[PDB]
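Take a look at this single chain, the form deposited in one PDB entry, given in structure tokens.
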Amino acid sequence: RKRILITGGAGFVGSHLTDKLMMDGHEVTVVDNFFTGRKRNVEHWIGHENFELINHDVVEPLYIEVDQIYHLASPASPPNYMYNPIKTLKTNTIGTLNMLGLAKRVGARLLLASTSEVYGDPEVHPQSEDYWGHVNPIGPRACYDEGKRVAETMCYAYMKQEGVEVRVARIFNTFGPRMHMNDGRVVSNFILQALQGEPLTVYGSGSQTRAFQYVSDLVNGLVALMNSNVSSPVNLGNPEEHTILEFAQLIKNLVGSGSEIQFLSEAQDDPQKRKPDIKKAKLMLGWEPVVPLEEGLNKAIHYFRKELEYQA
């Protein structure tokens, strides 16, 4: 059994990771500032002898004793990371430096929640871990894209110079229960529009592509990577790729909705395609996703139908 810190642990992915590690008998500390997450996502563990929740911003120094750190603290939705670009940049840079400083002092292993956005608007397909990416350093999404790229650089600098044990996950689009209704990402927007009979809002023509993974698959991958001997980056995603118009049509069908599909302005600097190569995770970890897309989407639709009731 281990002492484990999860930054961003009151968010969407972090709350599901908290559940797995608590069930396995570890001592878990969650750090969050509730910028985009909420106490409600982890409230079922409050009071348990092996759990603590701390209201703390990772840009401020933190001194505790742990064996492992899962570093997930950052806004993740484009409308929420572009809300305040200075906050986004400070979280990814100063926040990551503070957590590597902690790992160095106490001898902890640190895992970074990086992103497929490090690949930018890709010029190879699929995207494997050897691709360097195509990213605008001064566009409206750069506060996030460049913040995450430099966070990876920081991890490898501390490994080489100070002997810190590091792990890096490049996470592809993941969805599931506990996402906020006003999060603004595509799966939550389309499900809620369809449920209410409002127009599904496609940004641009809808020919751009993404590949979506259910949250339980991501959580199993994160724990496998943390406890492996692999320090170089590993893609964690589902290789099944579709267009955004196809995704709108599928959601409309699974919900059983009469919503119109409408076409609005394109998003500025929007990546036009995305598909992970997961050969490395398969061969080095023995990991692959096991939840089919329709099964996962049905679990998410159930969550949001309940939420609209928790409102009405």
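Residue numbers run from 1 along the displayed sequence. In this text, rigid core is short for the largest set of C-alphas that superpose within 1.5 Å between two forms.
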Legend entry - 131-139 versus 192-200 - which carries the larger mean C-alpha B factor in the record: 192-200
Legend entry - Mean C-alpha B-factor comparison - 168-176 and 74-82, higher one: 74-82
Inset, instruction - Choose from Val223, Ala113, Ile94, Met181 the residue with the greatest Cα B-factor as stated in the PDB record. - result: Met181
Legend entry - Selection by C-alpha B-factor (highest) of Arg109, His125, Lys160, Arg105: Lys160
Legend entry - Chain thirds of CA B-factor: placement of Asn98: lowest
Legend entry - For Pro292, the third of its chain into which the C-alpha B factor falls: highest
Legend entry - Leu62 - Cα temperature factor, lowest/middle/highest third of chain: lowest
Inset, instruction - Please place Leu245 in the lowest, middle or highest third of its chain by C-alpha B factor as given in the entry. - result: middle
Legend entry - Chain-wide C-alpha B factor ranking for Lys280, given as lowest, middle or highest third: lowest
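The same protein also has a form deposited in another entry, omitted here; what follows describes it.
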Legend entry - Option from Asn182, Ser228, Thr93, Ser232 moving between the shown form and the other one, CA shift at or above 2 Å, rigid core reference: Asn182
Inset, instruction - Taking the rigid core as the superposition reference, indicate whether the CA of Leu111 shifts 2 angstroms or more between the shown form and the other one. - result: no
Inset, instruction - Look at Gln272 and decide if its Cα position differs by 2 Å or more between the shown form and the other one after superposing on the rigid core. - result: yes
Legend entry - Cα displacement of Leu200 between the shown form and the other one reaching 2 Å, rigid core superposed: yes
Inset, instruction - Just say closer or farther for the C-alpha distance from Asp183 to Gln127 in the other form, relative to the shown form; it changes by 3 Å or more. - result: closer
Legend entry - Cα-Cα shift for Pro78 and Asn182, closer or farther in the other form, minimum 3 Å: closer
